[PDB]
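Peer 1: this one's experimental. Sequence and coordinates below.
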Amino acid sequence: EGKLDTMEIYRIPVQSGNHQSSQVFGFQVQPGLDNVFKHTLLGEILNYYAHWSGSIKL
Amino acid sequence: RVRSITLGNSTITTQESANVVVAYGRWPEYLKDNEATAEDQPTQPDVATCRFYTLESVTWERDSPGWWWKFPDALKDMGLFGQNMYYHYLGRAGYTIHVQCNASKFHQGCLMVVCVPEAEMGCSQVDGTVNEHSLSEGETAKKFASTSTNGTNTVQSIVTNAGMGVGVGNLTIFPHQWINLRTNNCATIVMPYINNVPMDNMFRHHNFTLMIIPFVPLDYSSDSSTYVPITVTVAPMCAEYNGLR
Amino acid sequence: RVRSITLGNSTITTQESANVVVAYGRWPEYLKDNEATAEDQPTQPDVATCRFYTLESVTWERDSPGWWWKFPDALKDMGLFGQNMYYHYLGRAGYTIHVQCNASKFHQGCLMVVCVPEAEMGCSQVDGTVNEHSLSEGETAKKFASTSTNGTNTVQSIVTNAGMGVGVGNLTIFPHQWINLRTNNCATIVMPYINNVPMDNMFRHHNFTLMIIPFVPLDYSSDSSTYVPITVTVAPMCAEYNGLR
Amino acid sequence: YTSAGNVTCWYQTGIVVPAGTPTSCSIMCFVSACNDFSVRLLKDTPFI
Amino acid sequence: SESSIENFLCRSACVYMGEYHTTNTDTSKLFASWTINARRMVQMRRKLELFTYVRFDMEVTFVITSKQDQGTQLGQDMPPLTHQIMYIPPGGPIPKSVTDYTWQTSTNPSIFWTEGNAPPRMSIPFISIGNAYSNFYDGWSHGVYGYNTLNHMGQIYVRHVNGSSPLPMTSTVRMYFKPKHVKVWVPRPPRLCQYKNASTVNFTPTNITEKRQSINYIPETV
Amino acid sequence: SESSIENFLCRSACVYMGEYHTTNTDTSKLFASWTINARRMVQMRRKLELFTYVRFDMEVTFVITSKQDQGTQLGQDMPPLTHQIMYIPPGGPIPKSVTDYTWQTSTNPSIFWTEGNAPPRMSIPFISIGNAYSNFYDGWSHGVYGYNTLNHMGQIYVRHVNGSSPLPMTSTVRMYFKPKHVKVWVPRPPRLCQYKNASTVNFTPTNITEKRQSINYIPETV
């Protein structure tokens, strides 16, 4: 919330100081359905088809 | 100049300029076939024992004496390799250990990373005996101290004697690696299975001990981060158990 | 004329005059290599999945309607094969099932032993739905009834319709074996993996159902034992999972 | 409530800098498909 | 030869009959719809249940008849009527009004037809990311017992293709369905009890067969 | 195979529906007309915008339905109606009445059709003195921003073919359009905002995607 219309939506924050066991980020890998993958170039194609399958590169 | 390594359904990334210590010149391998031919048939999992397991990171601050882990049982809750520890009466394995740091060019410090076989430890009371909890806590590290400890049943963990009664500057006799924040930040050690019998039970014996010890403490200045994270990743190699049929 | 069979650390004894049904002519085997070459790599345990697992015996009395088990999840607490059901997301396997009786020449009776793929069952209430507990209880058998049942969420288990809405005299269309106390007391069925996809998840789908049904009831006279025990033993074959690395 | 795999990232050590460098920083993710990708049953998209 | 699988299953049948208007005050009576499965036709259902796994193509033909409503207005002179028949694959947009945008999506195949001509016909292939369809599923959808999502086959929707403010008309469509190039696996016993609903195997207990007079009775020979 | 360019773009769609009368007191309601472009069909527009340059042939089919007006007069006995469908190339004369001379020019191709038969159909080639069509133009017409004259594709006009003093009738035409033998150049990102009008790329600013709970949130596994 609060940053769906800024360039900040694309930046994962790495903070300063000592936090050496905390999470940085996490997501489910679901192109086509999940909001974080839905509007990419891969997501936009997959949404034209009712069945798809393969491997993905991050 | 980055390599990407996949074991099973795990993937990590290292630098191709890595340096690797093979412990005594010996790569891990299966006890071949015929030490105990007739009624000693082994089996091997090779399913999800060969895969990267990553522990929690530790936090290196200005006054950190050091950390140690016991092997195995640092992996007794790690998925399948831990299941096999309960289902089987005897086993054996070698390991690959990666240690990594995350630091900048404005930090400084020096670490020793050493793998010590049969690291029998002393009690804080000379006429006492060590407890089972004070030797290990599984996947959580124990800590060295900077002065001499007290209390009952505790390992005497002053860092200059490394809990074994030797001088800590002499641990280079074991398979070891140096991490100097100035020149590298990673270390790989490949350990084979070392025992005086071919197989053994994996619950009441600690084959070896991994230790990480700062020889020059971490230093930084004005508004750098005040800590540095260290990360340990382990892949078991050529694991083998007693047959069940 | 007795054979002794050892799988792993298990040993059972059978008669060499056994008769074996291979379900549709097909022995079990691995999906060979290249249905899904690139990012679908499997692994196989072959450690303590290939071993005899023996359930509790059931007691055949004068009025016993029958028993059934669901596969898998009759083995979800059986050592390593059950551990692999929790660690892995997909799997597959074939099975060998031995069924044995202990009876004398002064007893009499007849059993059908049948393995039924996709045995979807009906509810006791026509506009109802079946519960998860009423379909199976793991390594404990469910029981057929001799009259029509009631109650909510229960399988309608009158034995003449076998819970599926067919005539029970027609179940010989499936892989089956007869046990006539007069002529034999044992039955072996080898089942391959049968699905409309190559792998699947092993917790929310029952591949097949083993049923044991008396067609002529047990009879004895003056001071014979009043029951007969039946024993079921299962060995998984060519089990295979998704790779984890 | 997905039945899909996941990815997570954890701080192993923490970030260490000299004097005179910015304190915070950022990571970026890129996604793509590998050569073995297949699609079936052309339909209408739910976005316009 | 007549007991081969193709000659036993590959036969045409009427599986759905529906009615739809050009003008109405319900707006769901303006179009007709059907979900494709083979569980609400009792004679085809039973022949299909003799097997556990099936694989086929589908062929669908449409018979369409119209009528002017008996409301009031006569003396009309109308051109022949046009109809649109849309197939939606699994994973497609579903219309909710007859004016919706989904009646124009480029990936929903569609047929335009005017009365007086030969009856329209489309051919659908085997559409499943699995390797066969299943008539029986002893599992959970992820939760419904006995229902797996690999059996989705799509939907059919039919409407009129007029312009603005059309004249009142009522149409009826009949769909004739036929499987082709069929393959079956794992035979089963025949259904002995009557079917109770279209999604379960639920049943009331039934007798094994009918009685005779005695275990010796044979009828007198002519 | 289903992601090839031909299977993705070569599909039929209804792009224009219009009404026209035989007698009226407006004289623009006596014929129907359409300018050929692919910017007022929102689903085809978006699939076409994934590329910068396109080349195709056109195929057009016409579905035509008639009606007697509810005005008053019944008891009629009429022969089937005839229609004329005229295509005008780029650089051709445009009619302004239904009695105009341009409905008879020898270089405007034309189709004559009577109801009851199969639906009529014509095939148009790639018509441009340039080498491809363009979906995007960052220029001036010579002055309108974004509009270049090489994209002209012609027009279609439809009327009735009666004689003098005809009887009142109302017809509706639906045009189905399909590109063929397609080639595309220079891929582009997909349109993220809604379209606002048919000639510009104008838009109101839109969010990049929808929100979730936190940057760590993954939903509980079944």
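Peer 2: Okay, I see it. Numbers count the residues shown, from 1 in each chain, chains lettered A, B, ... in the order given.
Peer 1: pull out the buried positions in stretch D:5-22.
Peer 2: Taking 16 or more other C-beta atoms under 10 Å in any protein chain shown as the basis for neighbour counts, the residues of stretch D:5-22 that come out buried are D:10, D:11, D:12, D:13, D:14, D:15, D:16, D:17, D:18. Using the backbone N, CA and C atoms, a C-beta is placed for each residue, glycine as well.
Peer 1: quick one: residues contacting the second one.
Peer 2: What it means is residue D:11. Residue D:11 is in contact with A:19, A:20, A:21, A:22, A:23, A:24, B:57, B:229, counting by C-beta atoms under 8 Å, 6 or more residues apart in numbering or on different chains.
Peer 1: next up, the contacts around residue B:207.
Peer 2: Taking C-beta under 8 Å, 6+ apart as the test, what residue B:207 contacts is B:71, B:72, B:117, B:118, B:193, B:194, B:195, B:200.
Peer 1: hmm, back to that, now the buried residues of stretch D:5-22 as JSON lines including secondary structure and distance to residue C:215?
Peer 2: Listed next are the buried residues of stretch D:5-22 as JSON lines, based on DSSP: H, G, I helix; E, B strand; the rest coil; distance: C-beta to C-beta, whole Å:
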{"residue": "D:10", "secondary structure": "strand", "distance to residue C:215": "62"}
{"residue": "D:11", "secondary structure": "coil", "distance to residue C:215": "67"}
{"residue": "D:12", "secondary structure": "coil", "distance to residue C:215": "66"}
{"residue": "D:13", "secondary structure": "coil", "distance to residue C:215": "71"}
{"residue": "D:14", "secondary structure": "coil", "distance to residue C:215": "73"}
{"residue": "D:15", "secondary structure": "coil", "distance to residue C:215": "75"}
{"residue": "D:16", "secondary structure": "coil", "distance to residue C:215": "78"}
{"residue": "D:17", "secondary structure": "coil", "distance to residue C:215": "82"}
{"residue": "D:18", "secondary structure": "coil", "distance to residue C:215": "86"}
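Peer 1: any idea how far the residue nearest in space to the middle of chain D is from residue A:26?
Peer 2: Among the residues of chain D, residue D:29 comes closest to the average C-alpha position under C-alpha atoms, centre = their mean, at 4.3 Å. Relative to residue A:26, residue D:29 is positioned 12 Å away (criterion: C-beta to C-beta, to the nearest Å).
Peer 1: can you show me the helices along the chain?
Peer 2: Since no chain was named, I'll use chain A. With DSSP state H as the definition, chain A shows helices at residue ranges A:41-46.
Peer 1: and residue 26, how many neighbours?
Peer 2: Just so you know, I chose chain A. Residue A:26 sits with 15 neighbouring residues when counted by other C-beta atoms under 10 Å in any protein chain shown.
Peer 1: actually, chain E is the one I wanted.
Peer 2: 7.
Peer 1: what of residue B:129?
Peer 2: By other C-beta under 10 Å, 8 other residues sit near residue B:129.
Peer 1: grab the nearest non-local neighbour of residue B:83.
Peer 2: Using C-beta to C-beta, 6 or more residues apart in numbering or on different chains and skipping the chain neighbours, the partner closest in space to residue B:83 is residue C:83 (4.5 Å).
Peer 1: how far away is that neighbour from residue C:158?
Peer 2: With distances taken as C-beta to C-beta, residue C:83 is found 38 Å from residue C:158.
Peer 1: how about the residues of chain D by chain C?
Peer 2: By C-beta under 8 Å from any C-beta of the partner chain, the part of chain D that sits against chain C consists of D:34, D:36.
Peer 1: same question for chain B.
Peer 2: Checking chain B against chain C by C-beta under 8 Å from any C-beta, the hits are B:6-11, B:43-48, B:50-52, B:79-80, B:83-84, B:87-88, B:241-245.
Peer 1: filter these to the buried ones?
Peer 2: B:7-10, B:43-45, B:47-48, B:50-52, B:79-80, B:83-84, B:88, B:241-245.
Peer 1: how about the contacts made by the residue lying closest to residue B:199 once chain neighbours are set aside?
Peer 2: The shortest distance from residue B:199 to any residue that is not its chain neighbour, by C-beta to C-beta, 6+ apart, is 4.2 Å, and that residue is residue B:90. By C-beta under 8 Å, 6+ apart, residue B:90 lies in contact with B:199, B:200, B:201, B:202, B:241, B:242.
Peer 1: closest to residue F:76 out of these?
Peer 2: Of all these, the one with the least separation from residue F:76 (C-beta to C-beta) is residue B:241, at 95.8 Å.
Peer 1: you'd agree the closest one is up against residue C:47?
Peer 2: Yes. In this structure residue B:241 lies within contact range of residue C:47 using C-beta atoms under 8 Å: 7.0 Å.
Peer 1: got any residues that touch both of those two?
Peer 2: With C-beta under 8 Å, 6+ apart, residue B:241 and residue C:47 have common neighbours B:43, B:44, B:45, B:84.
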